[PDB]
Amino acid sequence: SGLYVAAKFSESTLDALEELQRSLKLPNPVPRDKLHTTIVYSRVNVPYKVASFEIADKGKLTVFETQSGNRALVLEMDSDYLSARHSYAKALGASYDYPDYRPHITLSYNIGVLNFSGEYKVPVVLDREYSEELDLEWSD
């Protein structure tokens, strides 16, 4: 049920993200295959039509808590592309679980007690969007 949509990244973007994870000595890094950015997180399903663009060129580190109560480190971006794709889903009827869509790439879903801050230049190039059912229990 529901609908989840995310974007996957080009090889060069993935390399840069992994370099970022290594630079930060991040615990529980998201594995390469699981790096993504959510576009839709909807409890209702709509006929969202999935999509060489750089979609973002920088981001800031932000800590978000997860459902399980762990601390996740994300690279939070301003992305006109991702925000417009999120709004397309909304126009179709999709729901979202936060008051603001804040596009991000989760770098670790469990950073323990550590703290991080920074502003990075990362060329974020999308390879493809994918859609599937909403998996409330998804993990990396």
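When you see a residue number, it is the position in the sequence shown, counting from 1.
Asks: Is there a break between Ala84 and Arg85, and how many deposited residues does it span: none, 1 to 3, 4 to 9, or 10 or more?
Replies: Per the record, no deposited residues are absent between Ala84 and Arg85.
Asks: Can you let me know which of the two, 93 to 101 or 59 to 67, has the higher average C-alpha B-factor in the entry?
Replies: Stretch with the higher mean C-alpha B-factor: 93 to 101.
Asks: Using only the Cα atoms and their B-factors as the entry lists them, report which of 25 to 33 and 39 to 47 averages higher.
Replies: That would be 25 to 33.
Asks: Against its chain's modelled residues, does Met77's Cα B factor rank lowest, middle or highest third?
Replies: Within its chain, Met77 is a middle-third residue by C-alpha B-factor, going by the deposited values.
Asks: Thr106: which third of its chain by C-alpha temperature factor?
Replies: Bottom third by C-alpha B-factor.
Asks: Lowest, middle or highest third: which one holds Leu17 when the chain's residues are ordered by CA B-factor from the entry?
Replies: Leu17: CA B-factor falls in the lowest third of its chain.
Asks: Select lowest, middle or highest to describe the third in which the CA B-factor of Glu119 falls within its chain in this entry.
Replies: Bottom third by C-alpha B-factor.
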